[PDB]
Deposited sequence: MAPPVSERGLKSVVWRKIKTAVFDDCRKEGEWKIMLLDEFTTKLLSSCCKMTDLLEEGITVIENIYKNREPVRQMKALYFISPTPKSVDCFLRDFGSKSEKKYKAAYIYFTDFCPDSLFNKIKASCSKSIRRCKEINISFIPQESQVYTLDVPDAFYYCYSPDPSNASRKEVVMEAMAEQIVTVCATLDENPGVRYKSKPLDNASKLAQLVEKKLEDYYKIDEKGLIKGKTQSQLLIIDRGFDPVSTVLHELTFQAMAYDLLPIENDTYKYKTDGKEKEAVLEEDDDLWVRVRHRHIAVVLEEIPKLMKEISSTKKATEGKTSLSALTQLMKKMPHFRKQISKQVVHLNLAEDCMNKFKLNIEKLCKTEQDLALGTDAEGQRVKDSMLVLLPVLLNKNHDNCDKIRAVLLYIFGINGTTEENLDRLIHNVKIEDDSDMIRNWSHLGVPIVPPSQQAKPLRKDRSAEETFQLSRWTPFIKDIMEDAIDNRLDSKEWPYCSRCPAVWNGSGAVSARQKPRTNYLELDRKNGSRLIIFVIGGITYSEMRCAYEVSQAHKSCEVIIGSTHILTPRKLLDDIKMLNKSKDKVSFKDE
């Protein structure tokens, strides 16, 4: 329970399925891109059967009429998603199914609604808006559906300012649904750190949910509840985005090519694929553990075959092996993928981490103070044996470590260190509110001390949100840097204390741990971070350039 996926499912099931569920009969469900991702997120597509769904189809693709079954339209308020519906009841007026049951993932504009109401049913026995416009990526991490948000959020200043406002409200209203699903009416507090986007957004959200609840028909929540929403801009921590993190999940999506949470084989023959989801429950116990601790907590070997191979429990060991043929089949996948990472590690990543941690901390490796840090960066130049990706990442740390660098010295690097093309992977970081040419700036923030224990002496770096999460739970947080019988009562449960965090421009898998580790160390409240997307070092760099060019 509580797992973000569950909460969403618990809502969809009672808001949608139960709402149009007739015990004796089943119906056809239609989904667009988003809703498909939404459902795939929090349920096996078989669980639907118990909910009154016998057939699911793509509302986009033309379909065969079934004028005997009722139709459940679970879609977003998208022009495309709605046009397709109107192509089932509106145009040609040639009805496709007995009746229609429309459930919009979010509020539906009058423009589209008008086109719906007018034409032409009748058949439309229901048009309901449930307000779920986010993806329960993990049981504590969410991600919105705001295409090309990052770009338009940190674009130079061309005609890409009208579309930036578009992305802003999209994020705002999309974030609001996150609250509404948790049944929380938080207090919006931004950061006064880089740029000022988080403040503008914090205003859109604060206003957005002031209108929401003022109209919410669920009637559960009205007036602020015991939870606070933090909106922070990406500039606040450029470091953690670039670090070659060592915790399993953050290192896999970084090193290996794991597009769409699906890591591809071998092994073996032929090459299949595996999915890194929470239904695995094995990868859930490992995705946040350090690479070494990972291996030494499930690997070699429970062998030779446990206590096999006088046999009183002979049949027991015969049946116990039949079902255990899957526990090993899964332990293998989460081991091969672990190998593919272990390799890239011993090959050069290991050496790359040595001088990265000492630079990101600038005083790590016991070397207090350090002084000349450009001496620390050197190693990663002849150890290449490297990719221009790792090279830029290392330099980025150096600059972040010495804040605003010089204009001339920076130039020499982009020359006598190759990195000719893809040079903007360093330049454009200034658009995110991080000094690139002007020395100093805000002279850096102030983070927590200890620095207690830190095995491996490589991942001694802690993302700045963890010091923010605790700075929120422990209450101690700068108010200037983080603005804003009878009786009656207004009961009551359940939700309780929740810390909702939302970083703009994406979150790292290393920052995701922070949510778990902090909420796991605590219990009096659950931290919940999110964004428009999840970040990987490379994908970030790619996105971080291209900024100075209006697409095209």
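- Query: How would you write out the unmodelled ranges of the deposited sequence, numbered from 1?
  - Reply: Model skips 1-6, 316-322, 498-517, 586-592 of the deposited chain.
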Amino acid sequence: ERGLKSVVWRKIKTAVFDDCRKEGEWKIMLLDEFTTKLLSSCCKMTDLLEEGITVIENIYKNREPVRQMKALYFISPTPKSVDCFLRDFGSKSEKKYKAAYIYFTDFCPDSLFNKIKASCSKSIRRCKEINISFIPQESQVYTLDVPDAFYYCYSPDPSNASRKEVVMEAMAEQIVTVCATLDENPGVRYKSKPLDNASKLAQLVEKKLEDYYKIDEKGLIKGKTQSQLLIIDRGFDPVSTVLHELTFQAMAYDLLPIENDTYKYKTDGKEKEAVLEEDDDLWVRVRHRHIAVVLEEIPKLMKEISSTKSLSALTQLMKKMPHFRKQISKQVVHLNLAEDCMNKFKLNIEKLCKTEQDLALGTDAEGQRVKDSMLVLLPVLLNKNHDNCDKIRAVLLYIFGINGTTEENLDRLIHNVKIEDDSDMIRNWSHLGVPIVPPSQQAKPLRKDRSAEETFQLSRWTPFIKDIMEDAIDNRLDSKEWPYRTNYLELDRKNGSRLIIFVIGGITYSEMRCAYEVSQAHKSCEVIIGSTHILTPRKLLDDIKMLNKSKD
From here on, numbers count along this sequence of modelled residues.
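- Query: Quick one: higher average CA temperature factor, 89-97 or 201-209?
  - Reply: Result of the comparison: 89-97.
- Using only the Cα atoms and their B-factors as the entry lists them, report which of 285-293 and 149-157 averages higher. 285-293 has the higher mean C-alpha B-factor.
- If you compare 391, 300, 222, 125, which has the highest Cα B-factor in the entry? Most elevated C-alpha B-factor of the set, per the entry: 300.
- Selection by C-alpha B-factor (highest) of 37, 498, 523, 70: That would be 523, according to the entry.
- Message: Using the temperature factors of the C-alpha atoms in this entry, rank residue 244 within its chain: lowest, middle or highest third.
- Response: CA B-factor rank for residue 244: middle third.
- Quick one: classify residue 217 as lowest, middle or highest third of the chain based on its Cα B-factor. It belongs to the lowest third of the chain when residues are ordered by C-alpha B-factor.
- Message: When the deposited Cα B-factors of this chain's modelled residues are ordered and cut into thirds, is residue 493 in the lowest, the middle or the highest one?
- Response: Ranked within chain, residue 493 CA B lands in the highest tercile.
- Task: Could you say whether, by C-alpha temperature factor, residue 323 belongs to the lowest, middle or highest third of its chain?
- Result: Tercile = highest for this residue's CA B-factor.
- Task: Grab the CA temperature factor for residue 76 from the record and place it in the lowest, middle or highest third of its chain.
- Result: Lowest third of the chain for residue 76's C-alpha B-factor.
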